[PDB]
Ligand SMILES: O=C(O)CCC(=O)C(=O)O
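Okay, here we've got a single chain as structure tokens, the form deposited without the ligand, with questions on binding and movement later.
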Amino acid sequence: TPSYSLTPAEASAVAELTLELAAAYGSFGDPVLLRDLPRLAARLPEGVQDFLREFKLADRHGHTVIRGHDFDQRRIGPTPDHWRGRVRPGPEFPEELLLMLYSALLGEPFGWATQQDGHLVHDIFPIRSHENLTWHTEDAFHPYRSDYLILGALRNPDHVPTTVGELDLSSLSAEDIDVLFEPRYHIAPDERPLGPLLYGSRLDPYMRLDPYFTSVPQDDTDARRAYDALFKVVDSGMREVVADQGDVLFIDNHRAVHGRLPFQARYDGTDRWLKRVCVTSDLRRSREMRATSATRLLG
């Protein structure tokens, strides 16, 4: 599974670009940043742009990583104790813009009005309040779910990995695949009540899988069996991928499940800190759930 290691010159060029940008927009608010985003993304190092696009276009791998970003730890500051109540944009605004630029290379950034206050870039760090994660397709129930996740690791001193599992077809039978291609399954939130678990090409299928929230009508034994077989193959295939400081992990939400592994936090500002941006290939597809034509939040 491909990765890209940045030269310091690429990293410095990325840093310099996002810092400049940070001083020229001062918010995800103004629609002009949202407008200029893909043009800005073309100011990224060219091999970085070409690598990402090859990943998107090859439509082959579950994830890739661009590593060796320069994320200034002094400028970024301590890992916050909460994300609610912070003055945004923070010191880490450049890094947030970096992921917004990457999102514009894959498609479009979007969010949910309900999730993390409606911020297009959200925070993943330990909170002392929320001290209490298996694996899944992000928002498997939703037809307007993300096409890619982008996870930028601002810091990860203890090297806590993300689980990422692709789909190994060879260990399934033509029968189960056929059955998994049929609207015979229910996936629950957090017309058309049933749907398929596999779609796309029958020879290299896409998946939407959320075990905890996946049930199948009791009388349909074939669908129960194919689902259990699929779950087992994906669970057996799970890999651990570490997003270290300066790494940006890209997850293809149609080709890979993802999960967090538990770890012990210090709660002192040294803890793992990731940023997340959800990516859609088509913003207009979710139009019915967006208050306006311009808003990138669903709900």
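Residue indices: 1-based, along the sequence shown.
Just so it is clear, the following notes concern the form deposited with the ligand bound, a form of the same protein that is not shown.
In summary, the region of this chain contacting the ligand in the entry with it bound, judged by heavy atoms within 4.5 Å and restricted to 47-55, 64-72, 226-234, 257-265, corresponds to 257-265. This chain lacks the partner; the member of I76, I124, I187, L120 within 4.5 angstroms of the ligand in the entry with it bound by a non-hydrogen atom is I124. Between the options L167, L99, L105, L149, the residue in contact with the ligand in the entry with it bound by a heavy atom within 4.5 angstroms is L149. Residue contact with the ligand in the entry with it bound: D220 places no heavy atom within 4.5 Å of it.
Using a 4.5 Å cutoff between non-hydrogen atoms, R208 does not count as a contact of the ligand in the entry with it bound.
Taking the partner from elsewhere, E138 is found to have a heavy atom lying within 4.5 Å of the ligand in the entry with it bound. Residue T162 is the sole member of 150-182 found to place a heavy atom within 4.5 Å of the ligand in the entry with it bound.
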